[PDB]
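Only one chain comes next, encoded as structure tokens, the form deposited in one PDB entry.
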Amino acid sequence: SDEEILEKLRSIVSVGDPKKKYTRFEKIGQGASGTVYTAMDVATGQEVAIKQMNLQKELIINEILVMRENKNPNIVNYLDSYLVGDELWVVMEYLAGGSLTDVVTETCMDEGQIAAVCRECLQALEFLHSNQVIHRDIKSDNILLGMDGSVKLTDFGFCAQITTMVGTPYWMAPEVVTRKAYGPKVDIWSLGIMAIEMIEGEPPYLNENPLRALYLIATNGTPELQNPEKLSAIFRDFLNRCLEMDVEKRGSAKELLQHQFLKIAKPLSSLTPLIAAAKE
């Protein structure tokens, strides 16, 4: 029953006032789905991320329980949740070293550094997909980095869902653009686009308006590289497996974690000078 659901939700969310438990709020994102802030956990002295969502309920209960019971080092993990009147606040981890967008727009990554990042992102995807969660918004903006090179996937555009056109145009799979065929493989396509961001600094068609880019992806399908000859055969093979037109042929996160390209990954510490240079 209706009221028995609101009482179950009230029993699952954390006790306390998040306006008192968190301080130094700084708005980092906003859209029609909600607001994202960074904040300081008063008790722990750790920087956190907080998503605030209004009325837009039994699904909420299972979704909260799933993220509270399932943790992974390559995602910003659920820390707490609160009901503030009609709003639901979700507190999760945060990394303040910067985003992969900062790194790719400011610095040049080598194949060893791209392989390390791809591996960490693939581990996050494998975890989410095993919990029937499809991200739908994989892109460099959603990869937070720690100063030590640690990698955490976030969902600050509110796209992830347990299995309306969702995502960011340049990173969308063709089957999402043409028929909204969401599935784990759209995250693999998006990772392939993010791997292109790491080589060229941008996804394909970034110079075009986002709506035209949809028409370019729907017609071109598998995007072409500017200078493929500058890449190893193993990296090129990894990209082809991520950007396969055939959904079935496209590699899963589990399969791609076995790819020979990831075997050349440099330690995550190799990203620290890029993070530092991208920050300033």
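Here, rigid core means the biggest group of C-alpha atoms that superpose within 1.5 Å across both forms. Residue numbers here begin at 1 and follow the sequence given.
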Exercise. If the chain runs straight from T163 to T164, say none; otherwise bin the unmodelled deposited residues as 1 to 3, 4 to 9, or 10 or more.
Key: 4 to 9
Quiz item: From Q226 to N227, how many deposited residues does the entry skip: none, 1 to 3, 4 to 9, or 10 or more?
Solution: none
Exercise. Take the C-alpha B-factors listed in the entry for 34-42 and for 47-55, compute each mean, and give the stretch with the larger one.
Key: 47-55
Quiz item: So 196-204 or 80-88, which one's hotter by mean CA B-factor in the entry?
Solution: 80-88
Self-check item: Residue with highest C-alpha B-factor in the PDB entry, from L231, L243, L214, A253
Solution: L231
Practice problem: Can you work out whether the C-alpha temperature factor of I60 puts it in the lowest, middle or highest third of the chain? | Solution: highest
Quiz item: If you rank every modelled residue in this chain by C-alpha B factor, which third holds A173: lowest, middle or highest?
Solution: lowest
Quiz item: Among the modelled residues of its chain, does the C-alpha B-factor of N142 lie in the lowest, middle or highest third?
Solution: lowest
Self-check item: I188 - which third its CA temperature factor falls in, relative to the rest of the chain
Solution: middle
Quiz item: Among the modelled residues of its chain, does the C-alpha B-factor of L128 lie in the lowest, middle or highest third?
Solution: lowest
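Beyond the structure shown, there is the form deposited in another entry, which is absent from this document and is the topic of what follows.
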Quiz item: With the two forms superposed on the core, which of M245, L216, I234, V66 shows a CA shift of 2 angstroms or more between this form and the one not shown?
Solution: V66
Practice problem: Classify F158 as shifted (yes) or not shifted (no) between this form and the one not shown, where shifted means its C-alpha moves by 2 Å or more with the rigid core superposed. | Solution: yes
Exercise. With both forms fitted on the core, give yes or no for whether the Cα of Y170 moves by 2 angstroms or more between this form and the one not shown.
Key: no
Exercise. Please check if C108 moves between this form and the one not shown, taking a CA shift of 2 Å or more relative to the superposed core as movement.
Key: no
Practice problem: Have a look at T105 and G157: in the other form, are their Cα atoms closer together or farther apart than in this form, given the change is 3 Å or more? | Solution: farther
Quiz item: If the CA atoms of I64 and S140 move by 3 Å or more in the other form, do they move toward each other or away, so closer or farther than here?
Solution: closer
